[PDB]
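Taking it in order: structure first as structure tokens, then the write-up.
Ideal geometry is used to build each Cβ from the backbone, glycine not excepted, and the neighbour counts take in all protein chains shown. Throughout, read-outs are computed from the coordinates displayed, never taken from laboratory work.
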Amino acid sequence: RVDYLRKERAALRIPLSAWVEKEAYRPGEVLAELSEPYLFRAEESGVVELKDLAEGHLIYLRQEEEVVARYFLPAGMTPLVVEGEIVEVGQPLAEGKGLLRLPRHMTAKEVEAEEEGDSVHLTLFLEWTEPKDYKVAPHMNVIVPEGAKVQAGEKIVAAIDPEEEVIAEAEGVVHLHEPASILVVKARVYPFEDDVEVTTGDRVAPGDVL
């Protein structure tokens with residue numbers, strides 16, 4: 001198991017009398033408290049992909065292969081289109097019915113927004129969580145500890161074969177599920193930070209420096 005962190009820049013718009021002004025939004029923070037429903041209007045064209053983030057959704061607009069326009073529709077704003085559709089300038093995307101929160105683990109930190117007389121153009125730095133399971137077959141070796149920070153590119157499972165190798169995606173904490181066996185040792189453990197003066201298998205007593 002490796003729980004990865006995803007970060008996307010995207011856009012949303014709403015009526016001023018519905019927004020609540022802030023700098024960021026916690027894994028649940030109320031974004032908008034809607035009195036009358038809203039139909040988010042498509043402001044560019046292109047082929048659409050949708051993203052399920054548990055409660056809230058994320059749309060991209062693609063043209064050819066390269067992406068063109070990204071849109072954010074929070075929890076409580078259910079979508080009206082599906083993956084594949086071709087959609088035009090002024091078409092409803094989703095409906096903002098009730099209370100617009102941010103999913104129970106998904107966040108939208110440092111957001112830069114601009115005012116537009118009757119509406120707001122918000123753009124939203126979005127963190128979140130999505131894990132991906134990896135097999136460990138007999139002739140293998142996991143090469144970094146569990147509950148451990150990991151970066152974009154550093155090896156995770158070494159092997160004799162390059163296709164068998166495991167390179168990390170992006171920022172994401174590492175885990176590991178169901179072992180083949182459990183080793184259990186009458187051993188006392190001692191975390192350390194820097195230099196050691198003790199080799200493995202050393203005969204060591206109480207009051208002995210490690």
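Below, the figures for the structure above:
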read-out: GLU36 free of Cβ contacts under 8 Å to residues at least 12 places away in the same chain and either part of a loop (DSSP other than H, G, I, E, B) or within 20 Å of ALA18 (Cα to Cα) (or both); value: yes
read-out: Filter result for the condition that a residue is among the acidic types (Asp, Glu), in contact with a strand residue (DSSP E or B) (Cβ under 7 Å, 6 or more places away or on another chain) and over 30 Å from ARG13 (Cα atoms), over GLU169, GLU154, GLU130, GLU164; value: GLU169
read-out: From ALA32, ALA75, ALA42, residue being over 19 Å from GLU115 (Cα atoms) and either of a type in the set (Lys, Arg) or in contact with a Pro (Cβ under 9 Å, 6 or more places away or on another chain) (or both); value: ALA75
read-out: Evaluation of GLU112 against (1) in contact (Cβ under 8 Å) with a residue 40 or more places away in the chain; (2) under 28 Å from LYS22 (Cα atoms); (3) more than 16 Å from the chain's Cα centre (by Cα); (4) surrounded by fewer than 13 Cβ atoms within 10 Å (Cβ to Cβ) (one fails), failing number; value: (1)
read-out: Qualifying positions in segment 22-33 - buried (at least 18 other Cβ atoms within 10 Å of the Cβ) and either in a strand (DSSP E or B) or of a type in the set (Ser, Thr, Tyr) (or both); value: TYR25, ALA32
read-out: Meets criteria (touching a strand residue (DSSP E or B) at 6+ places or on another chain (Cβ under 6 Å), under 30 Å from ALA152 (Cβ atoms) and of a type outside the set (D, E, K, R)) for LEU53; value: no
read-out: Residue list for segment 2-21, filter: part of a strand (DSSP E or B) and buried (at least 17 other Cβ atoms within 10 Å of the Cβ); value: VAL2, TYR4, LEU12, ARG13, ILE14, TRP19
read-out: Answer residue from segment 80-94, given it is β-branched (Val, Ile, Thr) and either in contact with a helix residue (DSSP H, G or I) (Cβ under 6 Å, 6 or more places away or on another chain) or over 15 Å from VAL68 (Cα atoms) (or both) and is surrounded by the fewest Cβ atoms within 10 Å (Cβ to Cβ) among those; value: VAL82
read-out: Residues (part of a strand (DSSP E or B), farther than 17 Å from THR129 by Cα and of a type in the set (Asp, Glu)) located in segment 39-53; value: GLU49
read-out: Residue within segment 64-73 that is in a loop (DSSP other than H, G, I, E, B) and free of Cβ contacts under 8 Å to residues at least 40 places away in the same chain present; value: yes
read-out: Per-region count, segment 161-210, residues touching a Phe, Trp or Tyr at 6+ places or on another chain (Cβ under 8 Å), free of Cβ contacts under 8 Å to residues at least 40 places away in the same chain and under 19 Å from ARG1 (Cα atoms); value: 1
read-out: Criterion (assigned to a loop (DSSP other than H, G, I, E, B) and among the hydrophobic types (A, V, I, L, M, F, W, C)) met by exactly one of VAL173, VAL198; value: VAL198
